[PDB]
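First the structure, in the form of structure tokens, and then the observations on it.
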Amino acid sequence: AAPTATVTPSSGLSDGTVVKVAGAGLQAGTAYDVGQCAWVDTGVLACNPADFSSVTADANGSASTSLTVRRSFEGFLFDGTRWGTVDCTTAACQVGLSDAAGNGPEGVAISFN
Ligand SMILES: CN[C@H]1[C@@H](O[C@@H]2/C3=C/C#C[C@H]4O[C@@]4([C@H]4COC(=O)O4)C#CC3=C[C@H]2OC(=O)c2c(O)ccc3c(C)cc(OC)cc23)O[C@H](C)[C@H](O)[C@@H]1O
């Protein structure tokens, strides 16, 4: 089984709901993180600490956890600085997983009606 991730709902969340992101086939033995982060530029990742979960890829590496994600969301910049409230109505925020080496599986693009 190859790595992947089932996240849902991807849209119709509304400010204050919870989405369920999952991973399957990830590095079987690598603690991956799981949350809502948006790329607003070349190497700019503003994530929100309200969906920051984490689990290690077990035998195959399945990780399913629910978290709260909305349109505007803390733009935590991976550099100690904060980018500001990242309005998901401007950029595309994906719900995905990752590890602490440099990168990991991808994220699912959510939508806000
Ligand atoms: C290994 N580090 C690289 C990685 O960093 C990601 C990252 C971004 C950020 C931020 C700040 O909130 C903090 C802390 C760290 O310092 C602070 O001040 O706050 C964190 C973290 C992170 C954890 C990593 O998650 C991921 O790896 C990740 C990803 O690469 C792509 C999509 C992801 C998605 C969609 C979700 C997700 O769940 C967490 C993780 C990822 O991608 C950045 C673009 C840079 O290249 C970084 O050098």
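Residues 35-147, in that order, are what chain A shows, numbered as in Swiss-Prot.
Placed from the backbone N, Cα and C atoms, the Cβ positions cover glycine too.
The following features are taken from Swiss-Prot:
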- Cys71-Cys81: disulfide bond (DISULFID)
- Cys122-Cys127: disulfide bond (DISULFID)
Message = Most Cβ neighbours within 10 Å: which of the disulfide-bonded residues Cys81, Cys127 is it?
response = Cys127
Inquiry  = Using DSSP and collapsing to three states, where does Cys71 (disulfide bond) fall: helix, strand or coil?
reply    = strand
Message = Given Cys71, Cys81, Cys122, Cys127 as the disulfide-bonded residues, which ones have a Cβ positioned under 6 Å from some atom of ligand 1?
response = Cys71, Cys81
